[PDB]
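A single chain, nothing else alongside it, follows as structure tokens in the form deposited in one PDB entry.
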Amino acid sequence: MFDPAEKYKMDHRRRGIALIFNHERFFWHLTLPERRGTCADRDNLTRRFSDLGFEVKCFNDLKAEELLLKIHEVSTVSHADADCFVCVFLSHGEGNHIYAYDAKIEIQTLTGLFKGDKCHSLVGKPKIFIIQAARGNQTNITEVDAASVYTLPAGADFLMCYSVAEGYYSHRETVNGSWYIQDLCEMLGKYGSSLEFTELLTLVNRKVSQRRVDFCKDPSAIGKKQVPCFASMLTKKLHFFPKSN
């Protein structure tokens, strides 16, 4: 009775929550550059996830204490009547860390809040983390960052989506936002409501990888290709078909 086309049950009362932690500026003593264009990423994601039925909650430039407080709140609330959970980090990072305004936080302690034991109401439901984070260097310009955040998985029924893999480069337009987020949001717009979500992330991999880097205004940006990846521990096909209003 094992079914090769089994779908996650996506017929709960609510789609669920999408958190977006948006980080544009950092405490002076961290000496991290501003992420001009991140607000376009935040707004584009808010529209696309909202249109798929998510209750989107955005937070701008939280300090570590506030960020840990919000994400613990969301993890200890009931998801019993929700299909799934989405969490987005738009920041700088290094290895297994993301930067809040004032300090780095271990990604595993954030994903850990939504694992089986700690969040019973999300057991067997998709938990999707999207991470646009790279190394902070030091009218619509393209800024380019080295990959820095480990493309780690997170546990049963987690999907971890990364803007860039080791040895590649992350691009952000200061007005239009991140290449990865622009291409993710275009694909959510056209295909989010019909295509299997990993099939859609594969389109994003193609779109981002096909962006040409041979004729760049800045000569030092030439050859710096971007290739995203995703680490799936999903156990079923994931669709975001339109819900009953």
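Don't overthink the numbering: it's just position in the shown sequence, from 1.
Another form, the form solved in complex with a partner chain, is not on view; read the next lines as being about it.
Q: Residue-level question: is residue 140 within 4.5 Å of the partner chain in the deposited complex, judged on heavy atoms?
A: Residue 140: no contact with the partner chain in the deposited complex.
Q: Tell me, yes or no, whether residue 146 is in contact with the partner chain in the deposited complex, where a contact means a heavy atom of each within 4.5 Å.
A: No, residue 146 is distant from the partner.
Q: Report yes if any heavy atom of residue 40 sits within 4.5 Å of a heavy atom of the partner chain in the deposited complex; otherwise report no.
A: Residue 40: no, not in contact with the partner chain in the deposited complex.
Q: Do residue 105 and the partner chain share at least one heavy atom pair within 4.5 Å in the deposited complex?
A: Yes.
Q: Are all three of 19, 58 and 61 close to the partner chain in the deposited complex, meaning a heavy atom of each within 4.5 Å?
A: No, none of the three is in contact.
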